[PDB]
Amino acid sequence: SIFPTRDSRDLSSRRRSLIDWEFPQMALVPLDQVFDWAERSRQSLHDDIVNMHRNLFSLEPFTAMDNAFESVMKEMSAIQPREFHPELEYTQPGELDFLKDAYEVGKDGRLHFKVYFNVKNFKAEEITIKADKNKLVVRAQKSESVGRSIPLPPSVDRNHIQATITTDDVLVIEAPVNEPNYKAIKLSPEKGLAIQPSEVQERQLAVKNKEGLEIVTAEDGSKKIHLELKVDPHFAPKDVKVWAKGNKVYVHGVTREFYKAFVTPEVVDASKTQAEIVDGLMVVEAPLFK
């Protein structure tokens, strides 16, 4: 048997404390997604492993490799933001397209950024890893250093980056993502990480009567894309998915069907994307980084 304890608040207030509480699952990938992901992942386990090894980032002559990376970023920043036919333009795989598949749930249930490097013939002591601004750098030294530099979205937690080399020589680098849009996340094999718009009563994303792509300035100087699309009212939230492929944003609805796409001069921080479709007008916003 046991004895109760006195509280300090009435019923009402104790129930209010519960109502406004920060439940753990609000900071974890939704159960349905994790379940579906786990299910299909074991069915393709053997092939996915084979493909992972087949697509490991290789380490190349550092200096040359790093400049090539800088020119890519530099060139990209010269793109003029515009809309394009998703099925006709940019159909060729792009340099930053791997970011689409860099997100995966971790054992802690949170969303994580994970990338894989081939480090065969190198020892852990010969490998350094740095995160400066929005680029991750892997450098190995035996004669000159070899390495790899890649975009590292701002949302990836720099204080919790982990790095281990498997027995089959795969450098794994991962870190959780801070504050991704958990409620809207959809994990799919194709799109990788997409978000589903929410039907709201009170919009949280400012409408601006500007139909199309815009690129504004977040509440702190940084940039972010703003899209306004007029879509048939016969489209429900569950019929629409927004996703990113490097510096490109794709929107696809099917119930009736549409497919839009936009290229920008910066990389899209996908897991932080937000979309609210209501009254035939869907507005998408997502942070951008370079």
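Numbering starts at 1 and runs along the sequence shown.
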**Request:** Please count the deposited residues lying between residue 142 and residue 143 that the model leaves without coordinates, and give the class: none, 1 to 3, 4 to 9, or 10 or more.
**Result:** 4 to 9
**Item:** Interresidue gap class [residue 43, residue 44; deposited sequence, unmodelled]
**Value:** none
**Message:** Test of understanding: from the entry's C-alpha B-factors, which stretch has the higher mean, 239 to 247 or 43 to 51?
**Reply:** 43 to 51
**Request:** Between 79 to 87 and 154 to 162, point out the one with the higher average CA B-factor as the PDB entry records it.
**Result:** 79 to 87
**Prompt:** Which of these has the highest Cα B-factor in the record: 167, 149, 92, 181?
**Reply:** 92
**Deposited CA B-factor, highest of 217, 118, 128, 196** = 217
**Prompt:** When the modelled residues of the chain are sorted by Cα temperature factor, does residue 134 land in the lowest, middle or highest third?
**Reply:** lowest
**Prompt:** Lowest, middle or highest third of the chain for the C-alpha temperature factor of residue 110?
**Reply:** lowest
**Message:** Quick check for you: using the entry's CA B-factors within this chain, is residue 30 in the lowest, middle or highest third?
**Reply:** lowest
**Request:** Within this chain's modelled residues, let me know which third the CA B factor of residue 12 belongs to: lowest, middle or highest.
**Result:** highest
**Item:** residue 172 - which third its CA temperature factor falls in, relative to the rest of the chain
**Value:** lowest
